[PDB]
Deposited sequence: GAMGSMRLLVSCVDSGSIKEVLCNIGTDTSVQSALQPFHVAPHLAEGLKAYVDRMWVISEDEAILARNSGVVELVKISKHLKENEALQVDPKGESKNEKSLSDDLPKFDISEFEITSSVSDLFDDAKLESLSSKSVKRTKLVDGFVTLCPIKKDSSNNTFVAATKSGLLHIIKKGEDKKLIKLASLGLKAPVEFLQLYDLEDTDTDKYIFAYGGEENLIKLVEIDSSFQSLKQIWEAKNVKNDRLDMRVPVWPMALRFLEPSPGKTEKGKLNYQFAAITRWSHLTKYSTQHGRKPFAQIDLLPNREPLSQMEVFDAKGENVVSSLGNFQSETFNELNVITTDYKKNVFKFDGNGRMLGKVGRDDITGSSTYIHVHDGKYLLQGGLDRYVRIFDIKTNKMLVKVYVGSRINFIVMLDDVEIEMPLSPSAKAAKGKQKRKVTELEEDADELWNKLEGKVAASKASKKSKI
């Protein structure tokens, strides 16, 4: 029934990826708990070039976007870990570990100067959906990159967008459509034409009205997830996209395009515009309620819950009304939680400045995995392809 899981972890400090094999109940900080079966680093390219985003294509292949400005295609191989003898002068179970080789890459994908009008990095590396990929930047580039018939990467296109970009979420709940936004850069919907040779802007949000002291409410959306389209009777001459976003001034803002370009709610999640980043849909019983790009598979905001993080040490759960549901890992997380991801509905992947990779059960809120990796963490994928061979 219970076979070890396989984590790949972006290790910022040494610009590398670690594979970690471990069961549930693993805690490196408690010597009597299960320890990991295996932990090794791979592909260390240094701090200058740390991994910004990963995507795993399959057991055999993944694609990496790095802060050197470089997207790499990575072949993953497996072999059984041989169980060797300690003292030298038998046949027991074995597990799959990985070897990672870069087969091909693409370069010079940042524009540092385009930001001076602070420094570039990737904020999306998604499939467009199946061998074509989006890799977008803060400088406001949207590169389209394909795995060619020859198995090498080629750049189909580099489309301009308004800088700076915090995120670039593709719509995939039913035309290539995506949202994007950033500091003082209003959420825009964009249609890219199926040849990938151009894009058109189709929607731009409007700011909310001024506040009680008649002062402008600043704009900084940080992350966004689509809901399904508004049900029933709809105006012609207007789009029908629904989406919610978290801002860097502690907003949960909700949008329908049917309603209009202003959000129909911009709720303050926390006091004093406490800065936030990231946004993960989840259902409180651990149900998988999202598309493969994390968009919420529902047509009302009412059933929406999100997980976001502040820049201190906390990981907050909120409902679609801004009502706090609780913190995750309040006793264990001591550093800014740089990466969270809800995996298959029921697990929260977490890692940040405190150098521990963690896995929480969304439903019980229990810590299932704690593994110290000695490095700040900015990404994790969980795999569940472990082979066990018995003798």
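Checklist entry - What's missing from the model if you number the deposited sequence from 1? => result According to the record, the gaps fall at 1, 91-102, 131-140, 153-156, 202-206, 424-468.
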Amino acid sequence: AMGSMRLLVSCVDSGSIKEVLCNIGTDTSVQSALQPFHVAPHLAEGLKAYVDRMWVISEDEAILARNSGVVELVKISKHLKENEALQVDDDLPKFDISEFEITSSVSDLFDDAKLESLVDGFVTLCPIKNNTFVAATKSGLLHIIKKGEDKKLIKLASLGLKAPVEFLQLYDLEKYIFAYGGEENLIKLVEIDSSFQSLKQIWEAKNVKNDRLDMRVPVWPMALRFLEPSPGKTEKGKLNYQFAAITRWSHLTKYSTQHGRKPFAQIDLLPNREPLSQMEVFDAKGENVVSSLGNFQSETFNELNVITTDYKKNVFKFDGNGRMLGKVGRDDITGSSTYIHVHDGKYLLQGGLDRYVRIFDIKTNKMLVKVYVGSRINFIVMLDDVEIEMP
From here on, numbers count along this sequence of modelled residues.
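Item to check | Higher-scoring stretch by recorded Cα B factor average, 54-62 or 334-342 | outcome: If you average the C-alpha B-factors of 54-62 and of 334-342, the larger mean comes out for 54-62.
Item to check | Segment of higher mean CA temperature factor, 133-141 or 189-197 | outcome: On average, C-alpha B-factors are higher across 189-197.
Item to check | Identity of residue with top Cα B-factor, from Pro275, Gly121, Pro221, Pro229 | outcome: The C-alpha B-factor peaks, among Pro275, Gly121, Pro221, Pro229, at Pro229.
Checklist entry - Reading the B-factor column of the entry, which of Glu280, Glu235, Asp319, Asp96 has the highest value at its C-alpha atom? => result When the deposited C-alpha B-factors of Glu280, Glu235, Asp319, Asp96 are compared, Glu235 is largest.
Checklist entry - According to the PDB entry, is the CA B factor of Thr308 in the bottom, middle or top third of its chain, that is, lowest, middle or highest? => result Ranked within chain, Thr308 CA B lands in the lowest tercile.
Item to check | Chain-relative CA temperature factor third for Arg261 | outcome: According to the entry, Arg261 has a C-alpha B-factor in the chain's highest third.
Item to check | Among modelled residues of the same chain, the CA temperature factor third for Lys151 | outcome: CA B-factor rank for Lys151: highest third.
Next on the checklist: By the recorded C-alpha temperature factor, relative to the other modelled residues in its chain, which third is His251 in?
Outcome noted: Middle third - that is where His251 ends up once the chain's C-alpha B-factors are sorted.
Checklist entry - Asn83's Cα B-factor: lowest, middle or highest third of the chain? => result Within its chain, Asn83 is a highest-third residue by C-alpha B-factor, going by the deposited values.
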